[PDB]
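In: A structural model of the following input is requested.
(9 chains)
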Amino acid sequence: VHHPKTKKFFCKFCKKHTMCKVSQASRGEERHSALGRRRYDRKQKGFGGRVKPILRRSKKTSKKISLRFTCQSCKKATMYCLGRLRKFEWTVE
Amino acid sequence: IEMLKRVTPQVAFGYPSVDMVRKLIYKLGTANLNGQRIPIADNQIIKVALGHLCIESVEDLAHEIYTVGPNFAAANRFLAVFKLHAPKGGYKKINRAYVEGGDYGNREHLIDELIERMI
Amino acid sequence: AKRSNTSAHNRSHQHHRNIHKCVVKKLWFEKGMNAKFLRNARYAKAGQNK
Amino acid sequence: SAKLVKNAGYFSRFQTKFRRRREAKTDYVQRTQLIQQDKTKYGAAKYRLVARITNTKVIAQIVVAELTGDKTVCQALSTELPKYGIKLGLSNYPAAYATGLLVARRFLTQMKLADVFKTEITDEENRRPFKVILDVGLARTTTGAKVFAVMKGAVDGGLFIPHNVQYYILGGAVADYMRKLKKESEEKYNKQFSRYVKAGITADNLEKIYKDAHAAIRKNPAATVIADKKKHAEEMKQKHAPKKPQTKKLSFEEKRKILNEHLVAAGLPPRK
Amino acid sequence: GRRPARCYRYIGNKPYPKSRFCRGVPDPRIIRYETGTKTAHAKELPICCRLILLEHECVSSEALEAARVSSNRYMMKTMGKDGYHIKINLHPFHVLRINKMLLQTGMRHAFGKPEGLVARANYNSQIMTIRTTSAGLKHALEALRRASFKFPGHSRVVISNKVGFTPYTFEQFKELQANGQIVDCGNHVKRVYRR
Amino acid sequence: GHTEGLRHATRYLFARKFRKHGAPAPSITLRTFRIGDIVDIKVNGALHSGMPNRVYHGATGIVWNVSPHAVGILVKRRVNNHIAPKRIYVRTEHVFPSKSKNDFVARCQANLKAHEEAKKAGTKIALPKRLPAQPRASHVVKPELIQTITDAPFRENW
RNA sequence: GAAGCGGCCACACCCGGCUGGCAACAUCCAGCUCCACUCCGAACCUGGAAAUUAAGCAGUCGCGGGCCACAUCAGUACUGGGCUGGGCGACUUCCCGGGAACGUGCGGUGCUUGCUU
RNA sequence: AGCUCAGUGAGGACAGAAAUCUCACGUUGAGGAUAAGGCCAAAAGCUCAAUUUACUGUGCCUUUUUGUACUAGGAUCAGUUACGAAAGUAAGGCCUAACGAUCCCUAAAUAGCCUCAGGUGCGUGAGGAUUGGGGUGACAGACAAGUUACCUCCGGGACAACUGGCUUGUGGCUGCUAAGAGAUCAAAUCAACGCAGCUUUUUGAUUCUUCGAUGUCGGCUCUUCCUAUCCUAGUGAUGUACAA
RNA sequence: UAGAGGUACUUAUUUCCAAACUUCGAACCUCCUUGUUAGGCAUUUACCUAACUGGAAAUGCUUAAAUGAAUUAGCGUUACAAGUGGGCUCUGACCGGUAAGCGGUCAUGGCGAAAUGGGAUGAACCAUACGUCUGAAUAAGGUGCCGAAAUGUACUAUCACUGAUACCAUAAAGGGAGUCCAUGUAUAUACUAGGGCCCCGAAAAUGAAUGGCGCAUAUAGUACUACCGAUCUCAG
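Out: Numbers count the residues shown, from 1 in each chain, chains lettered A, B, ... in the order given. Have a look at this structure:
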C-alpha cells in the first residue's frame, strides 16, 4: 500500500492537529549492556548447550508497519501503527 | 379446566351431587390444620379455623363446597386431601379414557357411581 | 479412541434441581450512563444538604 | 416480441415510495436529519425555517415537527407585500428578503420578544437567541440563490440562523437589467417589464421602494387577526367554488345498469 | 449396474435434487413422458383411465420407462396409434447415493456419490394416465394392468369420472360448455372467468 | 462445521419483511424515551450502526441510560442455571415503547374511576376484579332451524 | 375548493378515456448580472408575464392489471397429548386439544394533522 | 453536491452479434476489493470537488461468563480537526472473517517522570512506571528426525488380525410380469426392461464377547445332520415315433 | 412435462418438484406485565431549553382510595468439602449408511444406583417404585390342566401335517367356482366391484418347542358381568 509522506495529525503534547513528516520506524539492534542480554551472556557460558529457545516453527511472513509521525511544531515523534502489510510505498503524484 | 386438559390421562373426575359431597365429609373428612392432617371428629375443630369466615359447623362447610360460595378456596384448603381405597368392582382399563371404553378423564355425572364403591 | 462428543440428556434435570433468579441491586449503573448526566446529578445532591 | 416488463408478477412485487417522494416534494434523508434531536434533550422543540419558492409567490414558514404532523407557528407570504409597499415582482430577490423580515418580526411579536433581538446578533450574561434551522428542500444550494435571500431577511430581522458567508437587496440587478433593455432594444423592454411600465414604477424607483418597505415591516409586522377560524374556512369554499361542479361518483345501482347495457352489445349478461 | 430397488424404496432423508451442490449427476432414463396422439382435444378423447399408487415410497426412473414401453407396445398392437394418449405424472428429481466399497475405508467419510434419479410418491398419487375413446376403454385397462407389475408395492387401476385430464365431470362439462363459461385451448380446457 | 460468528444463523432475522425495505420514516427519530420505561427490542435490518446481538431480538427490557442516539436497556437473558441481567446499549431505531403495562395501567385508572364515583353518590360499592372464563347460567333456548346431520355413503371422486 | 408543510406510507401504485382553471399550482416567455452546463439557459440559476388547460395537478369512468377487505376453501392439509389400537413394513384408524395456505366468490379504490386567501 | 444502474425495445454515415450517439420503459435482477447470506435508489451505487475522524486519553457494554482474556464490534464522556448554507455526519472500508500471553529485546519524551542505598553529587552508563512493535497457524503460545523380524515393560477386548452375533450391499438360489426368441405360435424350453423375496455354503460392513491367550491354513482318519436331488425308487409335461 | 396463441424467442396455460427457493403460514414453543396507581406542593443543579413559577433527575412533604386473576407455596443469603468429567436406552423428531443388537445428535421417561408383580425366560417395555407383620379390595396381566381365578353369558367367522395376545423374537409382490359376507347391471340364471378367515407363494444343517401338555366352540374377531392377582391403595 501507498502512504502520504506528510499528513495532518493530533500532536499529543501540543494538544492540537499539526502537519508532520512521517517515516518508517527504526528496528534497533540490541546493545550488549542491556540487563536481559547480560543475563544471557553469563548463562550461555559454561557447558550444557544453548540455554533459552529460538522459534523453529515460525510460519507467517508479515509485519505490522509502525510509522513515526515526527512533528514540526512540537518536534516530538508519536508512533502510529497500521495493520499488517506485505509491502509499503510512498505516494508520488 | 385448561390445567385438567394437560393431566387428563392421570385422573378420573366428574361433577358430584350433594348426597356424595355430604357423605365424603361426614365419613372420610379431615382438616389439614397447621400441616397436621387432623381427623374431623367434632365441630369445635372447624369453628376455630373457619368461624371468622362464617362457617361454623360441618353442614356449613359442606354447603360452602356444593354452592361454591365466596369462601370456597378457604374451605377447600381447610379440608385435607381425601384418601380412598381401590373400588370393589375394580375398573376396566387404566390407560384408556372413559369415553373410549376405559377409565380416565371426564365422566360428568357418573363419578357418583365410582365414589360410592371407592368409599 | 472415538468416544462421545457431547450430550444434553439431563442438562434440564440439573438446571431445575435448583433456574435461580439473580436480582439486580439497583437500576442505575453508574460505571455506564452519560457522565454529563451524572456530573449534574452530583451537583444536585451536593447543593441540597448545605 | 421480447419480455413484457410489468406483469402481475411485477406489480405484486412492487414496493411504492412514500407519497411526497412520489409527488416529489420532500427529500426524506434531509428531513430525518433536520427533525432529529438528542434523546438527552427529550421532548424539546427545535424550529426550522421553511422557505420554498414557487412561481409568483415566495412562501416562508417556521415549523415544529410532531408525531401527528408538522405545525406552523408563524407564516408569511409575498402576496402580503402590496400592503407594505411592494406592488409588483413578488418573486424578486428583494421580495424574498422582504418575506424573511416578515417571518422574523411576526414570530418575535407573537413570542413577545420584540425589544430584544432587534438587529443581527453576531458571549455570556446575555439571553441566548432562537436557533432556527434552514429547510431549503429540493432547491439547489448555490450562491446568490433566492433561498438564502429569505435567510438574510430572517437574520437581519432577529433570528440566529447559523451560517458561513447591500446589492441585489434594495432592487439592484433588477434595475440594471431594466436599463439594458430600455437603452438598446426597446421592443424587449415592453415584453420583459410590462407591468412595471403599467404602474409604472420605472428603473430608478426600485431602490427607493424597498428601503421604505423595510421600514414599514419593522414597524407594523403582524396583520390580519381574523376570528373565529371556522367561519373563515367556510367562506373560502363558497368564494372559491368552481362554477362547474366536478364530476361526482356514480352509485353502485347505476353502475350495474351501465355495465349491462355495454354487455348487451357483446352478449353474455348480466351479473358483474 | 444397479442395486435391487428394495434398497431405495422408503424415504430416510430430505429431498436431494440436481443443483449447484450435487454436481456429478447422471441424467435419468426417461426422456419422453407422453406418447400417442398428443395434439388432440378434450371432446375427441373424453374417456380416461388412471393408475393410482397405494403407498408412500420412492419410484425409480427405470420403472417409469419400463412402464411406458409396455404401455405403448400393447396400445400399438390393438388399435394402432390413433385414439389413445398415454401420459406419465411422475418426474424423478430425487437423486440417490452410494458408499461404493468395491484395501478399503468403509463407513469413514460415508457420504456417497449420486447413483440415479428417483420420484417420491405420495399415498394416492396417480403415476400414469391413458386418455382414449369409448371404443378402446377395454384396451386401456389391460394396458395399465401390465404397467402395474413394473412398479413397487401395490397399485389400483381406476376408470375416472372426469373428462380428459381436465378437472370436470361429464355432468359439469355440458353445463359450462352450454353456459359458455369454458373455452378450448389447443389441448385441454381453459376456463373463462369473466374478468 | 458449527461457527460462533456475530451475525451467524440470521438469514431471516435481519430480513426486511416484504414491501418494507428502505430507510424508516422520520417520525421514528422524533420519538422520546426515559429511565424506567419498558421497551421491546426488535431490529431494523437496514440500519447497521448500533445493532443489538441476534439473541436480544424480540426481547423486552427496561431503559436505564439514555444517550444522544441510543438507549441503555436492561434485559434478562436465561443463562444455563440462572437468569442473568445484561446491560445492552442499542440505538433508538431498533427500540419501541412496549405495551406490557397498558392492561394494568388501564385497570388502576378504571378502578379509581369506580372507587371515587361510588363515594360521589354514596351509596355503597361493589368491588370489581379479574376472573377466568366461567361456567354458564341455566337459561332457555328456542331455535327454529334444526338440521339432521348424517354420514353419507362414501364415493371416491377421482 | 386551491396552496406550502406533513402523518399512516398502493383503498394512495401502473395503463388508458372524459370533465374543469376566479385566485392558487403549472406549463410557458427571455437571458443581463449571481452561477450553470466534463458540449448545450434542456436541466440548474435569475428576470418575466403574452396566451392556454393540450400536459402535470384535481375530480371521475373501465364485466381494466395490481393492492386492500370479508366470506367460502375446511374442520380439509398439517399438528400437541393418549392407547398391551391396527400393520411384515411403510405408515395409519380412534380418543382429549389447536387449526392453515393457494384458489374461487362478492365488495372497495385514499381517510385528515396544524397555517394561508 | 449532482446524477441513476443492469437490461429490454426501437432508431442512427462507414457500422457489422459487439465502437460512439438518441429517446422510451426500467423496484433494483447491476454495482458496493474478495467467500456465502443479508442490506441499499434524490443511496451505502456511479461521477466531480475539497480533504485526512484510518486522530488523541480513561472507564463502560456485547460475542461470553457452565468461565471472565485477546480478536472484532458497539454506546458515550473529555478533547481537537475535516466538510457542509445548515441540521448534522466522520472514532476507517454497508454488515458478518482477515489474527496472538508471560519473559527478553526494541521504539516513542527536543530529549521527561522516578531509582543507583554514606553524600537531597558531578558527568557517562544502567534500571524502572506508562504506550506500540519483533511470535509462537499444534493459532491460552515446548526449542526437537528415523528404525527394530534382537527387542523389553506397563496395561488395554476403551482398539485391529481370529470363531460367533446382528446386517445382506456383493455372491448364490427362487418367484411375479411378459417383449420377444422358439419355422408358424408369448407360457415344450429359454427370458429382457422391471418389480418382490429367500439364503448365511462367498466377501464386505460393524466392534457386542475374548488381549492375567478359546492353539490360526490345507491334507489324513471317523461320525452324524440338511436338501436348494446328479444317480437309484415312483410319477407328470414335451418342438415325447425309437433311443438319447 | 406438453400442446395452443403471437413476431428460436414470447403472451397466457398445463404435468410435476427443491436441505442450502419464498410473494402466504399454523400447531408446539418463547419473552414482558398483573398493586400501589393518579397527582399536587418547593427546595437542589455548574445539565437541557429562546425563556422560567418549564424539561430531566433525586430529595422530602403530602390530597384522594384500597390490597383489585386462578391454583399452590415460607422466602432470601453465605461458607467448607466429597464423588464425577468412558455412559447405555424405550417412544417420537433427525443426519450419514443397502442395512445393522451400526455410527453421530434432539425432547420427556427408564436403567446405571429401582426391589416386587406381569411379558414362560430377559438391565431398558407394562403396573408400581419398598420399615416389620396381619387382613380387605384392586392395577398390569390372566381364569382347560401344569397355575391362584368362569372350559362364563351373548353374537359372528374358521379345516389347514394348521393357528394361537403390544415392545418380540420375521415373511413380501402375486394368485384360489375353499367358505362366509357382499357392489352394480342384465335377464331361478349369466357377468363382477370387492372384503375377512383359510390355502398356495414359503428351502438348512444335534432332536424342538403358541412356555409345556394338549386343543379343534383351549383357533380368529366383538360386547357385558363375576372372579384370581404387586412390597401400589386402604384398615389395624
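In: Next, the distance between the ends of stretch D:14-33.
Out: 27 Å (C-alpha to C-alpha, to the nearest Å).
In: Show me where chain D has its helices.
Out: Per DSSP state H, chain D carries helices over the ranges D:8-13, D:28-35, D:93-110, D:146-157, D:174-180, D:187-192, D:194-199, D:205-219, D:229-239, D:252-266.
In: Briefly note if the longest one comes near RNA strand G.
Out: It refers to helix D:93-110. Yes - using C-beta under 7 Å from any atom of the strand, helix D:93-110 reaches RNA strand G at residue D:93. Where you see a C-beta, it was placed from the backbone N, CA and C, and this is true even at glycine.
In: And stretch E:166-184, what's buried?
Out: E:166, E:168, E:173, E:177, E:182 (16 or more other C-beta atoms under 10 Å in any protein chain shown).
In: Could you check that stretch against RNA strand G for contacts?
Out: No - for stretch E:166-184, no contact with RNA strand G is found by C-beta under 7 Å from any atom of the strand; the gap never falls below 9.0 Å.
In: I would like the residues contacting that stretch, please.
Out: For stretch E:166-184, the surrounding residues in contact (C-beta atoms under 8 Å, 6 or more residues apart in numbering or on different chains) are D:268, E:41-43, E:46, E:161-163, E:188-192, E:194.
In: Let's see that with 10 Å instead.
Out: Applying C-beta atoms under 10 Å, 6 or more residues apart in numbering or on different chains, the external contacts of stretch E:166-184 come out as D:267-268, E:41-43, E:46-48, E:131, E:160-164, E:188-194, F:157-158.
In: Please pick the buried ones from those residues.
Out: Buried among the contacts of stretch E:166-184 by 16+ other C-beta under 10 Å: E:41, E:42, E:46, E:47, E:48, E:131, E:160, E:162, E:163, E:164, E:189.
In: so the second one makes contact with residue E:85?
Out: The reference is to residue E:42. No - counting by C-beta atoms under 10 Å, residue E:42 sits too far from residue E:85 to count as a contact (11.1 Å).
In: Give the intersection of the neighbour lists for those two.
Out: Joint contacts of residue E:42 and residue E:85 (C-beta under 10 Å, 6+ apart) are E:131, E:164, E:165, E:187.
In: The second one touches residue E:133, doesn't it?
Out: No - the pair formed by residue E:164 and residue E:133 falls short of the contact definition of C-beta under 10 Å, at 11.6 Å.
In: Flag every residue of chain C that's near RNA strand I.
Out: C:2-13, C:20-23, C:36-37, C:39-41, C:43-44, C:46-48.
In: Tell me which of those residues fall in helices.
Out: Among these, the ones falling in helices (DSSP H) are C:11-13, C:36-37, C:39-41, C:43-44, C:46-48.
In: farthest-separated two in those residues?
Out: Greatest spatial distance among those (C-beta to C-beta): C:13 and C:47, at 57.2 Å.
In: ok, now how distant is the closest residue in space to residue E:191 that isn't next to it in sequence from chain C?
Out: Nearest residue to residue E:191, sequence neighbours excluded (C-beta to C-beta, 6 or more residues apart in numbering or on different chains): residue E:182, at 5.3 Å. Applying C-beta to the nearest C-beta, to the nearest Å, the value for residue E:182 to chain C is 59 Å.
In: cool, and residue A:26?
Out: Taking C-beta to the nearest C-beta, one finds residue A:26 at 40 Å from chain C.
In: SS state for that residue?
Out: coil (DSSP: H, G, I helix; E, B strand; the rest coil).
In: That one contacts residue A:68, correct?
Out: Yes - here residue A:26 reaches residue A:68: they are 7.8 Å apart, a contact under C-beta under 10 Å.
In: Pick out the residue in chain E sitting closest to RNA strand I.
Out: Residue nearest to RNA strand I within chain E: residue E:186 (1.9 Å; C-beta to the nearest atom of the strand).
In: dump the residue contacts of that residue.
Out: Neighbours of residue E:186 in contact, by C-beta under 10 Å, 6+ apart: E:39, E:40, E:41.
In: Of the residues you listed, which ones also sit close to RNA strand I?
Out: Answer for the contacts of residue E:186 near RNA strand I (C-beta under 7 Å from any atom of the strand): residue E:39.
In: Kindly report which residue of chain B is located farthest from the centre.
Out: Distance to the chain centre peaks in chain B at residue B:100, reaching 25.0 Å (criterion: C-alpha atoms, centre = their mean).
In: Touching, that one and residue B:93? I think so.
Out: Yes - between residue B:100 and residue B:93 there is a contact under C-beta under 10 Å: 8.8 Å.
In: May I see the buried residues of the longest strand along chain F?
Out: Looking across chain F with DSSP state E, the single longest strand is strand F:59-67. Within strand F:59-67, the residues that count as buried by 16+ other C-beta under 10 Å are F:59, F:61, F:62, F:63, F:64, F:65, F:66, F:67.
In: mind putting the ones in helices among the residues of chain C next to RNA strand I in TSV, distance to RNA strand G and neighbour count included?
Out: Shown next, in TSV, are these (distance: C-beta to the nearest atom of the strand, whole Å; neighbours: other C-beta atoms under 10 Å in any protein chain shown):
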residue	distance to RNA strand G	neighbour count
C:11	18	10
C:12	14	9
C:13	18	8
C:36	30	10
C:37	29	13
C:39	35	9
C:40	33	10
C:41	34	14
C:43	38	9
C:44	36	8
C:46	43	9
C:47	41	8
C:48	41	7
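In: List just the nearest of those to residue D:97.
Out: Using C-beta to C-beta, those come closest to residue D:97 at residue C:36, 40.1 Å.
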